[PDB]
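First the structure, in the form of structure tokens, and then the observations on it.
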Amino acid sequence: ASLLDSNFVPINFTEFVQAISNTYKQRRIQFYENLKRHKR
Amino acid sequence: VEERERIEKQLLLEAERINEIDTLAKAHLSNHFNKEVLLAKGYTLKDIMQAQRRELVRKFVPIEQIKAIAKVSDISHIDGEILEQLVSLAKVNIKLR
Amino acid sequence: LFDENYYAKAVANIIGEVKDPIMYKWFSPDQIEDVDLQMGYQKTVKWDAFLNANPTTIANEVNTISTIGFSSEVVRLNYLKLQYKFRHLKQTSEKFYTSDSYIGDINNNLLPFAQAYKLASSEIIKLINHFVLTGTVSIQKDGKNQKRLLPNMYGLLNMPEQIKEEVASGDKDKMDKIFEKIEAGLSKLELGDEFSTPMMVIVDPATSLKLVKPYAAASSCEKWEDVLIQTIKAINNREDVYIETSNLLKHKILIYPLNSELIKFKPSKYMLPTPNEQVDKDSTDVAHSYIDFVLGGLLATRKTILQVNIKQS
Amino acid sequence: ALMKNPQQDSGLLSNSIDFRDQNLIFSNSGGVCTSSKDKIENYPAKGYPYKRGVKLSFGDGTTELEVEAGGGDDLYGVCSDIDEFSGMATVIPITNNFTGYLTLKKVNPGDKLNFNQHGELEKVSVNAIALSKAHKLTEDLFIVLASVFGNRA
Numbered sequence: 187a188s189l190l191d192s193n194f195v196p197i198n199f200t201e202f203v204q205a206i207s208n209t210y211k212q213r214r215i216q217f218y219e220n221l222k223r224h225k226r
Numbered sequence: 066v067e068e069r070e071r072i073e074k075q076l077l078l079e080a081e082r083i084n085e086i087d088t089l090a091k092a093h094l095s096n097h098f099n100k101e102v103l104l105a106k107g108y109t110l111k112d113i114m115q116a117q118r119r120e121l122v123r124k125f126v127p128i129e130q131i132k133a134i135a136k137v138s139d140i141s142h143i144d145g146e147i148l149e150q151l152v153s154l155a156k157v158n159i160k161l162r
Numbered sequence: 003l004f005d006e007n008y009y010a011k012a013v014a015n016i017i018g019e020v021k022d023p024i025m026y027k028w029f030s031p032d033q034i035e036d037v038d039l040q041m042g043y044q045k046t047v048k049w050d051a052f053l054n055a056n057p058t059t060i061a062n063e064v065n066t067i068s069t070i071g072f073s074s075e076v077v078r079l080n081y082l083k084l085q086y087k088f089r090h091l092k093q094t095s096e097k098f099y100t101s102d103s104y105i106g107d108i109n110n111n112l113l114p115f116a117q118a119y120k121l122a123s124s125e126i127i128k129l130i131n132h133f134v135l136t137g138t139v140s141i142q143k144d145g146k147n148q149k150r151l152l153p154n155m156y157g158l159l160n161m162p163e164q165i166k167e168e169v170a171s172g173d174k175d176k177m178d179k180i181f182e183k184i185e186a187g188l189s190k191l192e193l194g195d196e197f198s199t200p201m202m203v204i205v206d207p208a209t210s211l212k213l214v215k216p217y218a223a224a225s226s227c228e229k230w231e232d233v234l235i236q237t238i239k240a241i242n243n244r245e246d247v248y249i250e251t252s253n254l255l256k257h258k259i260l261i262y263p264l265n266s267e268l269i270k271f272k273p274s275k276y277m278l279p280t281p282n283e284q285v286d287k288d289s290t291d292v293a294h295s296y297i298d299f300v301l302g303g304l305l306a307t308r309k310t311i312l313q314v315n316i317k318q319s
Numbered sequence: 020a021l022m023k024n025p026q027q028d029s030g031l032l033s034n035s036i037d038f039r040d041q042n043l044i045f046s047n048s049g050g051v052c053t054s055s056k057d058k059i060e061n062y063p064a065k066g067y068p069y070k071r072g073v074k075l076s077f078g079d080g081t082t083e084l085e086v087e088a089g090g091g092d093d094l095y096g097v098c099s100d101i102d103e104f105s106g107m108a109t110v111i112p113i114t115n116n117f118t119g120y121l122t123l124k125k131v132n133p134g135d136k137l138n139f140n141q142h143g144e145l146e147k148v154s155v156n157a158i159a160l161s162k163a164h165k166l167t168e169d170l171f172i173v174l175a176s177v178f179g180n181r182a
């Protein structure tokens, strides 16, 4: 239920809004996964 | 073992048919009917192939030929040799297109 | 929906081009947890105990004993929903403004919906970042004419009941004086049980340039940054110390732990910009759209953030 | 010189990093707060009345009426935008309120402002209230955020 999935097809605006929020969450998850803070 | 050899021959034949159908369908219909997303949605391989064939008919073959040659407007249940004739007509239509 | 609505399709194809907010670097992955609320509030309850007087000696017979009191505290986090409007070009009119290398009326400062939305989203994200760091909403570089916000809405820099240090104007360029105030603030910090946690420092670029100088007759293999990390490592049980620089800050140093127990960010799941379904339409080619975003969700324990201000004359 | 879009080209790319104090430019057309239920009218432009009070001016009769920069008892509306190719000025009627940046005669928030003969705002009929101090864009160009509420003595 995210915009990152190509197979996702929004039936209505409300589902589209939910996909936006899910996509935002997955991106921030991915950012922290890839984040590597510089030590010292 | 030649029985299994001929079985593998038929396997290659239908695999080539599937590959050709998929390659033309990707460039003609949409990316929504890609094999990966259809499998994710939970359709068997043969179901995916027949659905793609029916969509190909619904894109190239005009509806009048469906309700006359195939005797029904809905391609939802016509599958078989009539579906083979329909996809052949769709191939002719895309050739002339 | 996508077939019936062009704008929904446009935003979906363009949302991936918007850069991630910079606030994420200031918080650990665990410190952020989303909530399902557009506008309203959330409440939590904490229980404390305290001593009323000296203990009572149990000798012979006595009926009057000293008491241990209790206190209840209710903490409320407020949320607010805000909206912006921007003009753009109708989809059907884009072809009549397409040019060799651009699309849009340069003379009248108009754009296609997709480009307009992306630029709008980026500016709002900048405003959200400014609020989370500084706790205020303003468009003037001076900082006046602030939008009046609801109470219980605070950022890292404006959080009350925190340790605040001020460096005198005459010692603005003296790194020793600046480091002296930081150490005084570090002593007054009260981590208590939650001490074995990573710490985070955010500084302005002018401060960062002063840090990279060698420690002071000058020393060897020892910079002011290295000394500061050691001092912070003393009080955080030799944990990781991270230093970041933000252009938003000005002569300010912000030090706080990265533990969810002490400071936690609970933003709304609709905090980041989101398109609105309402689109203004008319007979001309000029159309309007709306974007919604939610502010608020920062929570912190008292006396756990160090704020150093270097007064500039 | 005075046009909304400067004719002189820019030597360098702009730095799009800051987001504060980037709206106090003369190219900023329209209003700061705009409602979807606002009445707006285009009219032929006599001169360059952009961001000025306008009044109705009549010719001999061969050509239709036009709008020219002006105020006083003859004030009819506020020009919030202009299209130079067609010479059409978008005018908001005085019967409709407006909030945006307007030309100020060459002032603190709360001051009462009325339009002069040249369609420029000046300190005191009262027509609008200044929402900020004067912002100088050129040696003679002064803009100011104002909210107009029609006519009242």
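Residue numbers (the deposited numbering), protein chains in the order written: chain Xg, 187 to 226; chain aF, 66 to 162; chain UW, 3 to 218, 223 to 319; chain VX, 20 to 125, 131 to 148, 154 to 182. From the three backbone atoms N, C-alpha and C, an ideal C-beta is built for every residue, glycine too.
(request) Using a cut-off of 9 Å between C-beta atoms, extract the partners of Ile-141(UW) located in chain VX. (result) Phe-38, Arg-39, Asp-40, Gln-41, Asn-42
(request) With distances taken Cα to Cα, identify the nearest neighbour of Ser-105(VX) among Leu-32(VX), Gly-66(VX), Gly-179(VX). (result) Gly-66(VX)
(request) Closer than 8 Å by beta-carbon distance: list the chain Xg residues that pair up with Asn-96(aF), in chain order. (result) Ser-192
(request) Note down, in chain order, every chain VX residue with its Cβ under 8 Å from the Cβ of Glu-125(UW). (result) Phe-38
(request) Using a Cβ-Cβ cut-off of 8 Å, state whether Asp-102(VX) counts as contacting chain UW. (result) yes
(message) Does chain Xg have any CB closer than 8 Å to the CB of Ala-10(UW)?
(response) yes
(message) Looking at chain UW, is there any beta carbon in it that lies within less than 8 Å of the beta carbon of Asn-220(Xg)?
(response) no
(message) If distances are taken between C-alpha atoms only, which option among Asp-298(UW), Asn-109(UW), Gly-303(UW), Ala-306(UW) comes closest to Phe-88(UW)?
(response) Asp-298(UW)
(message) Please tell me whether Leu-75(VX) and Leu-84(VX) are closer than 8 Å, where the distance is taken between their beta carbons.
(response) yes
(request) Check distances from the C-beta atoms of the region 98-124 of chain aF to those of chain Xg and list, in chain order, the residues that come in under 9 Å. (result) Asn-99, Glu-101, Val-102, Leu-103, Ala-105, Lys-106
(message) Could you tell me the alpha carbon to alpha carbon distance between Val-77(UW) and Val-47(UW), rounded to whole angstroms?
(response) 6 Å
(message) Between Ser-207(Xg) and chain UW, is the shortest Cβ-Cβ distance under 8 Å, so that the two count as touching?
(response) yes
(request) Residues of the region 270-293 of chain UW with a CB closer than 7 Å to any CB of chain VX: list them in chain order, please. (result) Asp-286
(request) Kindly examine the ligand FMN and report whether one of its heavy atoms sits closer than 7 Å to the Cβ of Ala-205(Xg). (result) Of ligands this structure carries none, so the ligand FMN is not represented either.
(request) Step through the CB atoms of chain Xg and report whether any lies within less than 8 Å of the CB of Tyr-26(UW). (result) yes
(message) Between the alpha carbons of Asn-132(VX) and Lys-147(VX), how many angstroms are there, rounded?
(response) 10 Å
(request) Determine the closest residue to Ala-240(UW) out of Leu-264(UW), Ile-259(UW), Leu-260(UW), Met-201(UW), with distance taken between C-alpha atoms. (result) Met-201(UW)
(request) Only counting runs of 4 or more residues, tell me where the alpha helix (DSSP H) segments fall wholly within the region 5-59 of chain UW, in order along the chain. (result) 8-16
(request) Could you round the C-beta distance between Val-97(VX) and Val-51(VX) to whole angstroms and report it? I think they count as a contact, below 8 Å. (result) Contact flag wrong, Cβ pair sits at about 13 Å.
(message) Counting only Cβ-Cβ distances shorter than 8 Å, please list the residues of the region 75-97 of chain UW near chain VX, keeping chain order.
(response) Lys-87, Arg-89
(message) For a test of the three-state rule: what should DSSP assign to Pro-68(VX), helix, strand or coil?
(response) coil
(message) Determine whether the beta carbon atoms of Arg-123(aF) and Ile-140(aF) lie at a separation below 8 Å.
(response) yes
(message) Tell me whether the region 292-307 of chain UW and the region 16-28 of chain UW touch, counting them as touching only if at least three CB pairs, one residue from each stretch, are closer than 8 Å.
(response) no
(message) Measuring only the C-alpha atoms, how far is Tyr-69(VX) from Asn-7(UW)?
(response) 36 Å
(request) Using beta-carbon positions only, say whether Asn-265(UW) and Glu-192(UW) come within less than 8 Å of one another. (result) no
(message) Taking 8 Å as the threshold (C-beta atoms), are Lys-143(UW) and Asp-28(VX) in contact?
(response) no
(request) Using a Cβ cut-off of 8 Å, pull out every chain VX residue sitting near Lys-128(UW), in sequence order please. (result) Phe-38
(request) Can you give me the start and stop residues for the beta strand (DSSP E) that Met-202(UW) sits inside? (result) 201-205
(request) Kindly indicate the opening and closing residues of the alpha helix (DSSP H) around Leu-110(aF). (result) 110-125
(message) When you compare the CB positions of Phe-125(aF) and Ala-155(aF), do they come within less than 8 Å of one another, or not?
(response) yes
(request) Measuring only between beta-carbons, confirm whether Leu-260(UW) sits less than 8 Å from chain Xg. (result) no
(message) Assuming contact is defined by CB atoms lying nearer than 8 Å, are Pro-112(VX) and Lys-56(VX) in contact in what I supplied?
(response) no
(request) Tell me whether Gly-91(VX) is buried or exposed, calling it buried when 16 or more other Cβ atoms sit within 10 Å of its Cβ. (result) exposed
(message) Tell me whether the region 72-83 of chain aF and the region 241-252 of chain UW touch, counting them as touching only if at least three CB pairs, one residue from each stretch, are closer than 8 Å.
(response) no
(request) Using only alpha-carbon positions, find the residue among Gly-303(UW), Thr-280(UW), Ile-261(UW), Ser-274(UW) that is nearest to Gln-313(UW). (result) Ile-261(UW)
(request) Give a yes or no on whether the minimum CB-CB distance between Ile-17(UW) and chain Xg is below 8 Å. (result) yes
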